[PDB]
Amino acid sequence: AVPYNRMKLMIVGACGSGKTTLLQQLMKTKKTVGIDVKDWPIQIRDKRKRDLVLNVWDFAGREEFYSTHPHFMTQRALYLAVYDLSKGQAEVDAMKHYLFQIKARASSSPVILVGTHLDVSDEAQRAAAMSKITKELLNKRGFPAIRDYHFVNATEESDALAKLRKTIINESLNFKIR
Amino acid sequence: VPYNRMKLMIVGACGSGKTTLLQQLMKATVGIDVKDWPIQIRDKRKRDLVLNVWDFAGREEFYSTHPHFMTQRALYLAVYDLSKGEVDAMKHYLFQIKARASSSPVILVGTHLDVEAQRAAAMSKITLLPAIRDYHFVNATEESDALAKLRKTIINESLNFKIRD
Ligand SMILES: *CCC(=O)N1CCN(c2nc(OC[C@@H]3CCCN3C)nc3c(F)c(-c4nc(N)cc(C)c4C(F)(F)F)c(Cl)cc23)[C@@H](C)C1
Ligand SMILES: *CCC(=O)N1CCN(c2nc(OC[C@@H]3CCCN3C)nc3c(F)c(-c4nc(N)cc(C)c4C(F)(F)F)c(Cl)cc23)[C@@H](C)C1
Ligand SMILES: Nc1nc2c(ncn2[C@@H]2O[C@H](COP(=O)(O)OP(=O)(O)O)[C@@H](O)[C@H]2O)c(=O)[nH]1
Ligand SMILES: Nc1nc2c(ncn2[C@@H]2O[C@H](COP(=O)(O)OP(=O)(O)O)[C@@H](O)[C@H]2O)c(=O)[nH]1
Ligand SMILES: [Br-]
Ligand SMILES: [Br-]
Ligand SMILES: [Br-]
Ligand SMILES: [F-]
Ligand SMILES: [Mg+2]
Ligand SMILES: [Mg+2]
């Protein structure tokens, strides 16, 4: 059983979406874990046999963490689906791949959409993104339960960011209730 | 072109020679930053919340080649230091793996062969015999016949697990 005070947050999205930047800005308070995943083409170029490619997981960090986080590799988590608003509606459409992945591999997990790069976006992009979110993503079959969607500047502190923090707390607790 | 996929989990006590063995076995890497975020703590009125946060890196190609790299169904490499006599500690990992993935296969690997008649005693305890599909004793620091044999064992067990019968 997951410890009463713990659960997982998965930050997913295309490269350049501002995922690492958003996480840096969201976390003002911290507190070992290490995971190296490597691609290993262990059987290739064999004339008769199909190729075999392994994804290999190598773990680092302190033993205490792994004792305190018994289910830390579960797929059941809160997901932040992050995209660059300044890249236009095509980026929201690209996000659908991530959303499908979440719906298939973790059908019960909730999602919060986060559009970064709000400071370098124009209102037409904001309105188009919101329109597409509400007309194509919210409560549509084949997509996970999108509980909220935000538009932020991931590079600095602001009220929108504190709002996202509170949404994250609230949705995590909603998920803990199951 | 069709090709076969599988996940390999390398477990064992710290210092067992896991990273060295994997480096030697392998003759678009992915990096995962996992951090604890105490987003709600120390307020006596409010339930605490500490989030385990995963941030992903690497080339997108990996994710096309391993779409399900987060699955729990995997082959396990249980690595231990033979020179420590560590042999009893490994059992806990097996229990974890046996409980968390009763269907996953296991390959035990004793490193530190160069530094072992005592190592032979380990075999006694193994015969501890999750589905323990093979048992090996190698030196993870250099190429050798036992190492290539373990390579082939890994191939064969990966396919046995993925392919039904
Ligand atoms: C700059 C590199 C970087 O930030 N990342 C982020 C994570 N990531 C990624 N990429 C893809 O797709 C890349 C392209 C787009 C079309 C398909 N592919 C060729 N997919 C990802 C995922 F599907 C996941 C993922 N994987 C599993 N097994 C389950 C779940 C629920 C997910 C999901 F994201 F949805 F949460 C992940 Cl973790 C990451 C993916 C790369 C771009 C590298
Ligand atoms: C040098 C540091 C290093 O390489 N590592 C990797 C191993 N590791 C670690 N340590 C512990 O504590 C010891 C005991 C023995 C049984 C497991 N544990 C309670 N535990 C680890 C784990 F439990 C895991 C693990 N965690 C989860 N959630 C699931 C599963 C299936 C496992 C595992 F694969 F091991 F079975 C892991 Cl991945 C690593 C553990 C550190 C010392 C860091
Ligand atoms: N102006 C601006 N730049 C941002 C914002 N979010 C991220 N970036 C930048 O965009 C690039 C991608 O950020 P990064 O966190 O690496 O995205 P990731 O690949 O999804 O992890 C970096 O140069 C970031 O500094 C934002 O809200 N505004
Ligand atoms: N002599 C010898 N040294 C080994 C062997 N396997 C690993 N080592 C060394 O023992 C240490 C193990 O470190 P590492 O690979 O990080 O162990 P891990 O924490 O279990 O991954 C390193 O200094 C390795 O070079 C082995 O078979 N023989
Ligand atoms: Br905080
Ligand atoms: Br787990
Ligand atoms: Br998966
Ligand atoms: F698969
Ligand atoms: Mg990043
Ligand atoms: Mg290591």
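Convention: sequence-line order gives letters A, B, ...; per-chain numbering from 1. Note: hydrogens, waters and symmetry copies are ignored here, and every other heavy atom, side chains too, is used. Indexing begins at 1, ligand by ligand and atom by atom, following the structure's order.
- Residue contact check: B:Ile97 has heavy atoms under 4.0 Å from atoms 36 (F) of ligand 2.
- Using a 4.5 Å cut-off between side-chain heavy atoms of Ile, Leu, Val, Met, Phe, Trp and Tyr, with links allowed through other members, B:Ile41 and B:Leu49 fall into different hydrophobic clusters.
- Counting heavy atoms closer than 4.0 Å to ligand 2, residue B:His92 contributes atoms from both its backbone and its side chain.
- When each atom of ligand 2 is checked for a heavy atom of A:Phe59 under 4.0 Å away, the hits are 3 (C), 4 (O), 5 (N), 6 (C), 38 (Cl).
- Inspection of the B:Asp81 and B:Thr111 side chains reveals no N or O donor paired with an N or O acceptor under 3.5 Å.
- Under the 4.5 Å side-chain criterion, counting only non-hydrogen atoms from C-beta, B:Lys7 is not in contact with B:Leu75.
- Distances shorter than 4.0 angstrom do not occur between any heavy atom of B:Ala89 and any atom of ligand 2.
- Not one N or O on the side chain of A:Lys19 forms a donor-acceptor pair closer than 3.5 Å with the backbone of B:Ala57.
- Residue B:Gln96 has no nitrogen or oxygen atom sitting less than 3.5 Å from a nitrogen or oxygen atom of ligand 2, judged on distance alone.
- Remark: ligand 2 atoms within the under-4.0 Å shell around heavy atoms of B:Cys14 are 1 (C), 2 (C), 3 (C).
- Heavy-atom contacts of B:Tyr76 reach the following atoms of ligand 2: 31 (C), 34 (F) (cutoff under 4.0 Å).
- Atoms of ligand 2 found under 4.0 Å from any heavy atom of A:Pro70 (numbered from 1 in listed order, with element): 27 (C), 28 (N).
- In this structure, B:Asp33 pairs ionically with B:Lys35, as a charged nitrogen and a carboxylate oxygen lie closer than 4.0 Å.
- Within the 4.5 Å cutoff, no side-chain heavy atoms of B:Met9 are placed close to those of A:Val56.
- Remark: ligand 2 and A:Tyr66 share no N or O pair separated by less than 3.5 Å (distance only, no angle test).
- Residues A:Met130 and A:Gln125 are not in side-chain contact: their nearest non-hydrogen atoms beyond the backbone lie 4.5 Å or more apart.
- Residue contacts with ligand 2, taken as heavy atom pairs separated by less than 4.0 Å, involve A:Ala60 solely via the backbone atoms N, CA, C and O.
- Residue contacts with ligand 2 do not include A:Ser67, since none of its heavy atoms lies under 4.0 Å from the ligand.
- Distances from atom 35 (F) of ligand 2 to the heavy atoms of B:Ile10, B:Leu94, B:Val11 show the closest one on B:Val11.
- Side-chain atoms of A:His71 and B:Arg100 include a donor-acceptor pair closer than 3.5 Å.
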